[PDB]
């Protein structure tokens, strides 16, 4: 039952130092090797560093001068620091544990998205997406939520507190010319459920600690 969980700031100012923490449970760090890997949005995985259970430290060659990996066996955490952060360093940072010999990376955390920007955190405004009208002959109906003007990414959107997943489409966020993101999440349901079944989008913007539940209905 080995689990890895990354924690750190959602936002770092350009030139400032990023500090990421990987909390390991179910395995002692005295016999467990932890890796750091990053992934810029829409780009390839990039291996960064590792610290073996017995203490051996290895770094990516091009980023070596900027990286420091360390660990504290007591709190069972591995820490990565990366100095002089740039907008090009914006990425999801993953920590991953090695399996047994041949030591492939068999256990990954969910990853922590880090944005490098001088812009301030801003929580979203959530608006309903409900058609003006529906045709008496439509079998399927669409509803949604527009999660507008937030910074940085990510926002999480679920429906009915995670109970509704079928037919949900949460789109990739779009960066507006304002420098703020916007995202839409939609769900299509059979028309025979409206007015009866409630549909609520649960929006969470962890960087601004904003949490909203909005029940969506046509006017």
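Residue numbers count along the first chain shown, from 1.
- Taking only CA atoms, the mean B-factor in the PDB entry is higher for 68-76 than for the other of 95-103 and 68-76.
- Comparing 54-62 with 169-177, the stretch with the higher mean C-alpha B-factor in the PDB entry is 54-62.
- Of the candidates 112, 90, 120, 135, the PDB record gives 135 the highest C-alpha temperature factor.
- When the Cα B-factors of 192, 158, 182, 188 are read from the PDB record, 192 comes out highest.
- Remark: residue 24 belongs to the highest third of its chain, ranked by C-alpha B-factor as recorded.
- In the deposited entry, the Cα temperature factor of residue 13 places it in the middle third of its chain's modelled residues.
- For residue 45, the recorded CA B-factor ranks within the middle third of the chain. Only modelled residues enter the ranking.
- For residue 164, the recorded CA temperature factor ranks within the lowest third of the chain's modelled residues.
- Among the modelled residues of the chain, residue 219 sits in the highest third by CA temperature factor in this PDB entry.
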